[PDB]
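Chains as they are written, first to last, in PDB author numbering: chain A, 11 to 486; chain F, 105 to 360; chain D, 105 to 232.
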Amino acid sequence: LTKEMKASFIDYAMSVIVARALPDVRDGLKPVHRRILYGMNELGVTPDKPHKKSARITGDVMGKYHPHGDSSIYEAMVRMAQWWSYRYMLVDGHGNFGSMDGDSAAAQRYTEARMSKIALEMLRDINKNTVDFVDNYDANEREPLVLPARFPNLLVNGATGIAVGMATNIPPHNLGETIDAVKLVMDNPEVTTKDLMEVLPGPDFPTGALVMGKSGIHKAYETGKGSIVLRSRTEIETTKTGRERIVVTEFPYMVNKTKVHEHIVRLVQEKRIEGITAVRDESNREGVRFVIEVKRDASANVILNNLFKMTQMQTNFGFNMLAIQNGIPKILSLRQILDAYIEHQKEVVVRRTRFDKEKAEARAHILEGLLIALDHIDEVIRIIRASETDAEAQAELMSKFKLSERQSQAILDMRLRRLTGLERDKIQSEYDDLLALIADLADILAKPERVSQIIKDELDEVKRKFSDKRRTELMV
Amino acid sequence: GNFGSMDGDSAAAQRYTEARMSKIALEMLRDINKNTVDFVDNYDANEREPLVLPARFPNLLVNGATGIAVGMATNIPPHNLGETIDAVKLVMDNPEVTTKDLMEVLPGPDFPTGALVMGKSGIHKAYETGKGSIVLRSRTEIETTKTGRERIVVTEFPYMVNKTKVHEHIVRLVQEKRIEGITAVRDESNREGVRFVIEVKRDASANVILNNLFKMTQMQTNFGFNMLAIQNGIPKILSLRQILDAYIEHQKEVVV
Amino acid sequence: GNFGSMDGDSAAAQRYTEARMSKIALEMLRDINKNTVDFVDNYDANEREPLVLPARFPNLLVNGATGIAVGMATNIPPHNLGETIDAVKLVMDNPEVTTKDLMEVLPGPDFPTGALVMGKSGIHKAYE
DNA sequence: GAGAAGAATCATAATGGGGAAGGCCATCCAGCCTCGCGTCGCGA
DNA sequence: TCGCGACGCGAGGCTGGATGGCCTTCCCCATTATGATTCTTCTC
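Pasting the structure below:
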């Protein structure tokens with residue numbers, strides 16, 4: 011009764027939290043977005059072909075699952091097109107998406123998008139039985155609960171959760187810095203937090219800010235709790251008539267210019283400094299030109315500290331930094347993200363190795379049958395002439411030599427083009443090649459460090475392909 | 105008009121009662137000139153009514169009977185007609201044949217839906233003495249999808265079965281929590297051909313579930329016989345020979 | 105379309121779902137320009153949804169409610185509207201009236217079929 | 001004268017049959033995915 | 001040279017939604033019988 015009500019409470023709370031709160035540690039990818047990328051990979055249409063303008067994709071998404079609104083699925087599409095909010099990059103698109111401005115793109119299917127470049131190598135190896143699957147409620151198609159990865163996007167894109175019990179802030183980071191962190195933890199299981207300070211000088215943004223504190227960053231990467239400073243960029247230049255002109259490019263994150271400017275107008279117009287009727291905040295299609303000019307007989311820095319007291323040019327940005335794994339939430343630190351991603355990639359690589367051994371040893375068994383057929387042929391021909399049935403021919407071949415049923419029938423699959431001797435040598439050559447590759451994979455399976463070397467290989471692949479610098483200029 | 109197909113809705117539109125007959129009464133009876141049957145008189149005892157229905161045909165042997173709750177119970181289970189004609193004509197040209205050699209001519213007792221029959225000991229008992237229940241199963245198959253999921257697909261059922269009452273009993277078995285694996289209980293497009301599908305998740309041993317169907321559910325049929333005859337008022341009981349014997353001597357008197 | 109009148113046949117023709125509304129929402133709510141109610145945002149937290157339904161009208165007091173099996177049970181039995189308007193306006197112009205003198209204004213709890221009501225002790229208990 | 005009761009005549013209502021309007025069901029059309037087959041590639 | 005296997009492309013088939021045709025139910029109209037009221041009839 012009340013225990014069953016508690017069971018309903020527990021199970022339904024798990025349903026809501028695993029539905030729309032923080033995703034798994036293993037991916038950092040929410041299942042809405044997971045199914046977006048899975049169905050867009052299963053569109054099959056390459057990003058090389060010009061990216062499409064349709065709600066047919068989202069119609070197949072809603073055929074895959076019924077939410078409490080596919081407008082929310084389109085919101086997920088658009089929020090993954092928010093490069094100014096969520097970093098590089100998940101949408102190859104063309105249509106209206108705006109900026110961090112207060113933009114409303116009601117043109118839903120009229121936007122264009124398809125697969126993105128990072129998604130291509132990000133979600134390979136589906137054909138290698140790497141990830142498990144579950145059936146939908148529609149009992150017709152399957153879906154994976156997690157994904158294979160080529161980086162911890164956990165660190166690449168942060169989290170802005172909701173307070174089902176409590177929300178979660180997770181800051182973004184840099185590509186190559188994360189690669190160096192992976193290499194560091196790979197080479198040493200004995201790293202420190204100063205090591206993390208080295209390979210990660212600090213969390214960054216697609217826009218940029220200033221984070222002056224140090225021990226808040228320290229408690230952030232250790233305890234998982236703490237708040238930081240997000241500060242706008244400040245440039246003090248000289249007006250030709252003597253005004254301390256303020257140029258602003260960076261901002262605190264999730265801070266529109268519009269309502270901040272309106273409250274600045276209000277604070278001017280509530281019996282305060284009114285001679286600052288100089289707000290040249292435009293031309294922001296080349297960058298950000300947020301320029302004011304402080305009036306005469308007034309210093310810029312006092313108005314700067316007053317707008318920092320307005321909590322919009324300098325903001326205490328907190329961090330909750332929680333996660334979901336094994337059905338439980340967790341307070342975060344590193345060597346957890348790190349070791350989790352490491353052992354996940356270990357799973358992926360080793361299971362890929364097992365599947366490749368499956369294909370290779372199956373084809374090796376085939377070429378065994380091929381070479382044993384191509385040893386002695388004409389006696390088999392003449393005994394086939396003493397038969398009239400492929401079942402009789404199968405029994406004859408079982409009397410002749412040791413084969414499989416598949417092997418016997420594949421040897422039956424031989425026209426007269428198969429009756430040469432050069433192709434015997436070719437099958438023998440690829441047979442020895444395949445045996446060498448099988449022995450290579452077996453020796454790799456008897457090698458722990460070789461897995462890490464393959465991880466280094468894929469890291470160097472994506473590092474030659476792409477890199478990124480710290481656009482977020484942070485002084486401490 | 106309006107009847108209801110086979111699912112518990114006997115449509116009784118007495119206003120819409122518009123019909124004809126079939127062409128088999130032309131084989132049944134033609135006694136216009138035929139001095140056959142006595143008559144009984146009704147309205148101040150004037151107008152005829154025949155005693156019996158003579159024929160040239162043991163069709164209504166093969167039809168089946170429903171006379172149960174009056175005193176004791178009896179019925180007539182049905183066969184089909186062709187091998188009936190065969191075995192009858194063999195008795196005609198050969199008046200000294202045996203039973204089981206005509207069981208070589210006679211298949212099992214038939215049903216219009218098309219029933220799976222197993223066992224012949226009850227056949228041995230009931231062709232002789234007309235008593236006993238036999239086991240009957242529905243044409244039921246396991247079918248694989250494009251995904252590898254399995255499906256229990258039935259085609260028909262044995263005699264006196266509702267789709268819908270058994271469907272409610274399936275929904276019971278769901279909420280009774282005494283059977284597992286079952287996911288979809290669906291039924292569509294049934295008027296081009298009867299198609300009811302149960303669909304079950306993987307890792308469930310679906311053939312064991314079919315065994316559980318034909319153990320506990322009403323899909324299994326224990327169909328019993330009772331052919332306790334009446335020959336000129338007094339109650340009797342007949343073998344399959346004696347029925348056709350009385351038929352023979354009736355045809356004798358008919359044609360004479 | 106197809107509904108079933110009052111005898112246990114809830115006709116659910118989802119294909120035939122063709123309708124309009126009534127003219128009473130024009131009395132219910134007109135908050136276009138009317139700064140009344142906070143909003144909550146849904147699809148990646150964007151689009152509005154109002155918290156409550158303001159009105160000028162206690163009509164839905166007089167409608168009746170069905171909220172039972174969630175925690176504990178409750179309902180709202182219905183009245184009619186005219187003497188409701190009467191007793192309300194009497195409380196409006198007279199903020200210090202008594203209960204039973206408005207029971208003089210208020211008849212029994214009403215029903216759409218038309219019910220024979222006997223007794224008033226339960227009326228005395230349930231209006232309180 | 002006067003008063004009451006009975007038979008006959010007129011009007012009203014109900015039953016059945018036929019006509020018309022709208023609703024539900026099946027069929028077809030197009031789009032997308034899967035299978036098979038052909039061209040290419042590898043080895044002696 | 002020669003043979004087999006694998007990937008990509010085209011064609012076919014199936015599903016859902018919309019549209020049209022025909023069937024059934026209710027209402028109305030006329031005919032016939034019953035009830036009531038009026039005129040005539042009876043007795044001191």
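We put the CB at the ideal spot given by N, CA and C, even for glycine.
In the DSSP assignment, find the alpha helix (DSSP H) that holds residue i and state where it starts and stops.
i, result
"residue 276 of chain A", "267 to 278"
"residue 318 of chain F", "310 to 320"
"residue 186 of chain A", "185 to 197"
"residue 379 of chain A", "347 to 385"
"residue 389 of chain A", "388 to 395"
"residue 417 of chain A", "415 to 422"
Helix or strand or just coil, what does DSSP make of residue i?
i, result
"residue 125 of chain A", "coil"
"residue 226 of chain D", "helix"
"residue 165 of chain A", "helix"
"residue 327 of chain A", "strand"
"residue 114 of chain F", "coil"
"residue 70 of chain F", "Examination of residue 70 of chain F is not possible in this model, given that chain F is present from 105 through 360 alone."
"residue 210 of chain A", "coil"
"residue 62 of chain A", "strand"
"residue 202 of chain F", "coil"
"residue 251 of chain F", "coil"
"residue 108 of chain F", "coil"
"residue 181 of chain A", "coil"
"residue 340 of chain A", "strand"
"residue 221 of chain F", "strand"
"residue 19 of chain A", "helix"
Report all residues from its chain with a CB closer than 6 Å to the CB of residue i; omit the five preceding and five following residues, and keep chain order.
i, result
"residue 230 of chain A", "236 and 329"
"residue 407 of chain A", "413 and 418"
"residue 394 of chain A", "403"
Beta strand (DSSP E) containing residue i: first to last residue?
i, result
"residue 74 of chain A", "Run containing residue 74 of chain A: none in the beta strand (DSSP E); it sits in the alpha helix (DSSP H), 66 to 74."
"residue 237 of chain F", "236 to 241"
"residue 300 of chain A", "300 to 303"
"residue 258 of chain A", "254 to 258"
"residue 291 of chain A", "289 to 291"
"residue 245 of chain A", "245 to 248"
Identify, in the order they occur along the chain, each residue of the same chain with its Cβ nearer than 7 Å to the Cβ of residue i, setting aside the five sequence neighbours on each side.
i, result
"residue 181 of chain F", "168, 213 and 329"
"residue 107 of chain D", "115"
"residue 303 of chain A", "249, 253, 255 and 288"
"residue 311 of chain F", "246"
"residue 156 of chain A", "34, 36, 37 and 141"
Let's test the definition: count the other Cβ atoms within 10 Å of the Cβ of residue i and tell me whether it reaches 16, buried, or not, exposed.
i, result
"residue 88 of chain A", "buried"
"residue 128 of chain D", "exposed"
"residue 308 of chain A", "exposed"
"residue 73 of chain A", "exposed"
"residue 233 of chain A", "exposed"
"residue 262 of chain F", "buried"
"residue 188 of chain A", "buried"
"residue 148 of chain D", "buried"
"residue 210 of chain D", "buried"
"residue 97 of chain F", "Since the displayed chain F opens at 105 and closes at 360, residue 97 of chain F lies outside it and no answer follows."
"residue 199 of chain A", "exposed"
"residue 341 of chain A", "exposed"
Between which residues of its own chain and residue i is the CB-CB distance below 8 Å, once the five residues before and five after are set aside?
i, result
"residue 291 of chain F", "267, 271, 299, 300 and 301"
"residue 153 of chain F", "143, 144, 145 and 146"
"residue 166 of chain F", "182, 183, 184, 185 and 188"
"residue 484 of chain A", "211, 212, 214, 219, 220 and 221"
Residues in the region 280 to 307 of chain F with C-beta within 9 Å of chain A's C-beta atoms, listed in sequence order?
287, 288, 303, 305 and 306
Using Cβ-Cβ distances below 9 Å, what residues of the region 243 to 268 of chain F are close to chain A?
249, 250, 251 and 253
Relative to chain A, which residues along the region 141 to 158 of chain D have a C-beta separation below 9 Å, given in chain order?
146, 147, 148, 149, 150 and 151
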